[PDB]
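Data block below; observations after.
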Amino acid sequence: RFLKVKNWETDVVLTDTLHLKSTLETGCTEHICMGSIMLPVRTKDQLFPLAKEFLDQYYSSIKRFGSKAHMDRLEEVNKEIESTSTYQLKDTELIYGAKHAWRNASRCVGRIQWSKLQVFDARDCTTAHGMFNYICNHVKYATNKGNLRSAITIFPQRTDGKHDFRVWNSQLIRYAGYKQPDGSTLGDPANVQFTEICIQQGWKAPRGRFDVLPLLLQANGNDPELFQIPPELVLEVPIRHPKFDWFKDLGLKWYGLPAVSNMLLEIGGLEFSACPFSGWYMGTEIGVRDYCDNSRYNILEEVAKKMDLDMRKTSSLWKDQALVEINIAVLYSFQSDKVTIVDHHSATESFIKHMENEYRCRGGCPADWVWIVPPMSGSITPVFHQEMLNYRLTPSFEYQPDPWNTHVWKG
Amino acid sequence: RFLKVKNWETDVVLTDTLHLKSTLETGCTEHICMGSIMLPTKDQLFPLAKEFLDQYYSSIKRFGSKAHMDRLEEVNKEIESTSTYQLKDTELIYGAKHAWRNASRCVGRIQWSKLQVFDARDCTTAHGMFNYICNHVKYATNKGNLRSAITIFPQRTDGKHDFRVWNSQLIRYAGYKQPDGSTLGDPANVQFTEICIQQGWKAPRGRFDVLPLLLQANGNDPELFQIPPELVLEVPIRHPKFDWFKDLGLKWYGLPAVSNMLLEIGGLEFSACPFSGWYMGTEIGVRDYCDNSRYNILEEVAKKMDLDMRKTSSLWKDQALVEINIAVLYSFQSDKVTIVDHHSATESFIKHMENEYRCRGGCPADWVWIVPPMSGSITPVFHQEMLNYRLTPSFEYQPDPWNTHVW
Ligand code: HEM
Ligand code: HEM
Ligand SMILES: Cc1ccnc(CCc2cccc([C@@H](N)Cc3cc(C)cc(N)n3)c2)c1
Ligand SMILES: Cc1ccnc(CCc2cccc([C@@H](N)Cc3cc(C)cc(N)n3)c2)c1
Ligand SMILES: C[C@H](O)[C@H](O)[C@H]1CNc2nc(N)[nH]c(=O)c2N1
Ligand SMILES: C[C@H](O)[C@H](O)[C@H]1CNc2nc(N)[nH]c(=O)c2N1
Ligand SMILES: [Zn+2]
């Protein structure tokens, strides 16, 4: 069965056959759509089919489906599973796995880049100090003095779920948030709970507005430990505006390297619970969400005050106006400092081309419109006008519960 | 079965039980979400009749009353005999108010209960339809102080005798393809504009020519009528601090009135039911003006502002987009025509959801449509999980009649 998606700007209609190879589920039914819901132990039993399937895909992409090397690898994974209950991925398969998990990330507008991904195999890692070393190398390599490069670092897979490797930070680099006795927040409200955990684990908090949090690292199911990323490894960009000279006086900066460290990487049934990945920012992530969400730095009021906009009625669109300037300022600061960044027009146009190519060559591109459309200027970007099919493919990145909720403390 | 929605900005969490009363289907499966696709007999009719009457009599706290039961028998008899039935006025009104209440794509539903319903089931001709429509237009415009209304023509019978307003809105601008290869006026309406010309309309061939009404009664060939201009309230668009803005030539009409939709009450199909309210600023400023495929004015506006259009990264489109939208709001407010900005409308819809969760057990809502097409994340609906599901009575889309009508 085929499925059509129309682009309502261009009349381009594409045809999906890839949704056919879909395994996992959506959350939706014939009677309810969960498309805007944010967040919708594995025995031998269920493990071999998932392995077989992954290995079938892998050998297809390398044009060796049904080869002796294909068959022998199935027979070997089979034996290894029944003998040891799990199995190890070869390097090539781990690489192919990671790439495809990015490729299959239907909420990611950045996927044109999916095939250029540096994979660091950290499966020999055994300790948190080991983890910290790996991560520092990741950060240095991906940062590359501003000319950002995609990278992922993959720590050992889950075994019995009592020996998980985890990175407690939700991103490798992120700003502290501090709840004050008066109810206000200093720094980034998104990270208050994690900041508290750090202070509790012995971190001395500078208590400023932009303090880079320490890495908090769990190896082999052990209690996690603190490590300060060397400051020389953390590239930050002071934010100014090309025409507003008072803008720098707002005291704002951001870090250059977006690196998510809380997701789980599923490949051939195996679960990598610590698999930090990084790329580069789309301007709106910092300028719309990080700065202007009501639950983040929330600078809108202060930027509008400074621009002396009519703030007495919302119909003056003083919010929209400030929002655009802040976003102009973020892009201008990054480009000026030669730190890779993409604006939302360019990213979305690129993604439409990628999506078209993926239909031509792969037979589909799963895509989550709710997430793909940018959080400002939605309809002047071409994705807004693009129908999308969302469905779940493996390999995949999945959410997992925060470790402090599930972790069994050794003491 | 009992479902939770979460506002990620406020942590408010609501529980949805209303979706269990869901009759219609979404287009989604467990395998594939279709949340962003634009468009997904006596024996059939009686269950539909009952569902409706059951909810009707429930709302008036008369479920399981003689009045309830007898109506059901009365309708049952009429179905058994006539193969259709007629709604009482009260049911018709309740029906319409609820079709709007269930429109999961409408951000403006806080207002749903204040709909004025004009029952035009006694209409027999296009001239009659024209008369009902002008009355609806005038009443709804209210010298700029807009009022919600729906006018309801006779229901489907054998699908050979359909009443249809061929226009997609009662008031829209003409679209003319040109020897240049580009378009004059509104590109959305180019085909309907050919149908009008190819029916007999002398087209002024301007940028902003009010289309004629093209009305079909009882399955007959449709007819042209020009809405008295004194009844078409229009706003010239200017900027609160850009003198040159007015020279861009822009105007828009005050009354948004969708005419091509099909209203379904208790299994009955009203294929001609034009309805109107008032504009959210962005509909005109973002979509009508700035859609590449609509008036697409961003290029020209940015020029006049002398912004750097050399790289996408200056955000000049964005910058112009805001100004354009400021000017729409400003012009409407200045001319005292009702209009709501996207901040205030979305805020109201949050209050409305709260109410619907508390009073009804939920509120079907389609996030992809509710979130405005500019400044999404700075409005509160962005952060609001919404459950989308289809309830009846409803408005549904229907094929364009020129594809269907037999001459
Ligand atoms: C190359 C630079 C990149 C850009 C501009 C980019 C852009 C984005 C943006 C804007 C989002 C939405 C996130 C939000 O608003 O919170 C996103 C989500 C995502 N991205 Fe990419 N991305 C890039 C690289 C990558 C890489 C290297 C991976 C994985 C290897 C990745 C996987 C994902 C996943 C898994 C999500 C959403 C998680 C979910 O909620 O399911 N991204 N990305
Ligand atoms: C009171 C003023 C009103 C405002 C500000 C309002 C706002 C909106 C907006 C912004 C949309 C999105 C449509 C688009 O982007 O083109 C919408 C869709 C809709 N509205 Fe409302 N609305 C109002 C009154 C009404 C009334 C009176 C009805 C019916 C009685 C109604 C029924 C609908 C339907 C059926 C859709 C979407 C149709 C679909 O695609 O399924 N609206 N409205
Ligand atoms: C449950 C929940 C609640 C709130 N936010 C989230 C999303 C977390 C997240 C995941 C991937 C990318 C990003 C982005 N904000 C950060 C990012 C990462 C990468 C690799 C590239 C890029 N351009 N940007 C954020 C989840
Ligand atoms: C294929 C296709 C593509 C795009 N749109 C459609 C449906 C048209 C439509 C339906 C309801 C409201 C509106 C709105 N654009 C017009 C409107 C109507 C009312 C009553 C209030 C208001 N504020 N605005 C338009 C179909
Ligand atoms: C409730 C809603 O699903 C939630 O706010 C989503 C909407 N779309 C998003 N889109 C992106 N890119 N990032 C987000 O965090 C969100 N948040
Ligand atoms: C492809 C996508 O479904 C299409 O662009 C939709 C998205 N959201 C929308 N939202 C509103 N309010 N109006 C629209 O016309 C659309 N169009
Ligand atoms: Zn869905």
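Hydrogens, waters and symmetry mates are skipped; everything else that's a heavy atom, side chains included, is used. Numbered from 1 within each chain, the chains take letters A, B, ... in sequence-line order. Ligands are counted one by one from 1 in listed order, and the atoms in each one are counted from 1 as well.
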Check: Going by heavy atoms, is A:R107 under 4.0 Å from ligand 5?
Finding: no
Margin query: Which of the protein's N, O or S atoms come within less than 2.8 Å of the Zn ion (ligand 7), not counting waters?
Written below: A:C28 SG, A:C33 SG, B:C28 SG, B:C33 SG
Next item on the list: Can you establish whether the number of heavy atoms outside B:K311 located under 6.0 Å from its atom NZ is more than 12?
Entry: yes
Item checked: Heavy atom of the protein closest to atom 35 (C) of ligand 1 (residue, atom name, distance) -> A:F397 CB, 3.7 Å
Next item on the list: Before giving the answer on side chain to side chain contact (heavy atoms under 4.5 Å, CB included), spell out for B:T282 and B:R287 the whole-Å C-alpha distance, their side-chain angles and the decisive distance to 0.1 Å.
Entry: CA-CA 7 Å; B:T282 51; B:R287 303 299 317 280; over 6 Å; no
Note to self: Does the structure place the NZ or CZ of B:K6 under 6.0 Å from the centre of the six-membered ring of B:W8, at an angle of no more than 45° from the ring's axis?
What the structure shows: yes
Item checked: Minimum-distance protein heavy atom relative to atom 29 (C) of ligand 1 -> A:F277 CD1, 3.3 Å
Next item on the list: Look at B:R390 together with B:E396 and state whether they make a salt bridge at an N to O cut-off of under 4.0 Å.
Entry: yes
Check: Are A:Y391 and A:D16 close enough that a side-chain donor and a side-chain acceptor fall under 3.5 Å?
Finding: yes
Check: Which is it for A:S261 and A:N169 under the side-chain hydrogen bond (donor to acceptor under 3.5 Å, both in side chains) test, yes or no, and what are the steps along the way?
Finding: CA-CA 6 Å; A:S261 46; A:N169 318 63; 5.5 Å; no
Next item on the list: Could you tell me which atoms of ligand 5, counted from 1 in the order shown, lie closer than 4.0 angstrom to a heavy atom of B:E385?
Entry: 1 (C)
Checklist line | A:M38 neighbourhood, listing ligand 5 atoms whose heavy-atom distance to it stays under 4.0 Å | finding: 4 (C), 6 (C), 17 (N)
Next item on the list: Report the nearest protein non-hydrogen atom to atom 12 (N) of ligand 5: residue, atom name, distance rounded to 0.1 Å.
Entry: A:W371 O, 3.0 Å
Notebook entry, point to check: Should the pair A:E358-A:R103 be classified as a salt bridge under the 4.0 Å nitrogen-to-oxygen rule?
Noted result: yes
Check: Aromatic rings A:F334 and A:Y281: how do their planes relate, parallel, tilted or perpendicular, breaks at 30° and 60°?
Finding: perpendicular
Margin query: Within a 6.0 Å radius of atom CD on B:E347, are there more than 12 heavy atoms belonging to other residues, nucleotides or ligands?
Written below: no
Check: Testing A:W280, A:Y175, A:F210 for ring-ring contact (aromatic ring centres under 6.0 Å, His included) with A:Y255, which one passes?
Finding: A:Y175
Notebook entry, point to check: Parallel, tilted or perpendicular: which describes the rings of A:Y96 and A:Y58, with under 30° parallel and over 60° perpendicular?
Noted result: perpendicular
Note to self: Among all the protein's non-hydrogen atoms, which is closest to atom 5 (O) of ligand 5, and how far away is it?
What the structure shows: B:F382 O, 2.8 Å
Checklist line | Element-labelled atoms of ligand 1 that are located less than 4.0 Å from some non-hydrogen atom of A:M282 | finding: 5 (C), 10 (C)
Margin query: Checking A:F54 against A:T394 for the side chain to side chain contact (heavy atoms under 4.5 Å, CB included) test, could you report, in this order, the C-alpha distance in whole Å, the side-chain angles of both residues, the deciding distance, and whether it holds?
Written below: CA-CA 8 Å; A:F54 168 71; A:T394 48; over 6 Å; no
Note to self: Restricting to under 2.8 Å, identify the protein N, O or S atoms around atom 21 (Fe) of ligand 1 as residue plus atom.
What the structure shows: A:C108 SG
Next item on the list: With A:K99 as the cation and A:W102 as the aromatic partner, state whether NZ or CZ is under 6.0 Å from the six-membered ring centre and within 45° of the axis.
Entry: no
Next item on the list: Give the atoms of ligand 5, by number and element, whose distance to some non-hydrogen atom of A:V370 is under 4.0 Å.
Entry: 7 (C), 8 (N), 9 (C), 10 (N)
Checklist line | Identity and distance of the protein heavy atom lying nearest atom 3 (O) of ligand 5 | finding: A:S36 O, 2.7 Å
Notebook entry, point to check: What part of A:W280, side chain from CB on, backbone N/CA/C/O, both or neither, has a heavy atom under 4.0 Å from ligand 1?
Noted result: both
Item checked: Contact atoms of ligand 5, heavy-atom distance to A:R289 under 4.0 Å -> 13 (N), 14 (C), 15 (O), 16 (C)
Notebook entry, point to check: Do A:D91 and A:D121 come close enough that some side-chain heavy atom pair is under 4.5 Å?
Noted result: yes
Check: Among all protein non-hydrogen atoms, which one is nearest to atom 38 (C) of ligand 1, and what is the separation to 0.1 Å?
Finding: A:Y399 OH, 3.3 Å
Item checked: CA sep, side-chain torsions, deciding dist, call: B:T10, A:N294, side chain to side chain contact (heavy atoms under 4.5 Å, CB included) -> CA-CA 9 Å; B:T10 61; A:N294 285 172; over 6 Å; no
Next item on the list: Mind checking whether B:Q384 contacts ligand 5 via backbone (N, CA, C, O), side chain (CB onward), both or neither, at a 4.0 Å heavy-atom cut-off?
Entry: backbone
Notebook entry, point to check: Are a donor atom and an acceptor atom from the side chains of A:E236 and A:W254 found within less than 3.5 Å of each other?
Noted result: no
Check: What is the closest protein heavy atom to atom 27 (C) of ligand 1, and at what distance does it sit?
Finding: A:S278 O, 3.3 Å
Check: Is the cationic atom of A:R149 (NZ for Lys, CZ for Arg) positioned less than 6.0 Å from the six-membered ring centroid of A:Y141 and within 45 degrees of its normal?
Finding: yes
Next item on the list: Name the closest protein heavy atom to atom 16 (O) of ligand 1, giving the residue it belongs to and the distance to 0.1 Å.
Entry: A:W371 CZ3, 3.5 Å
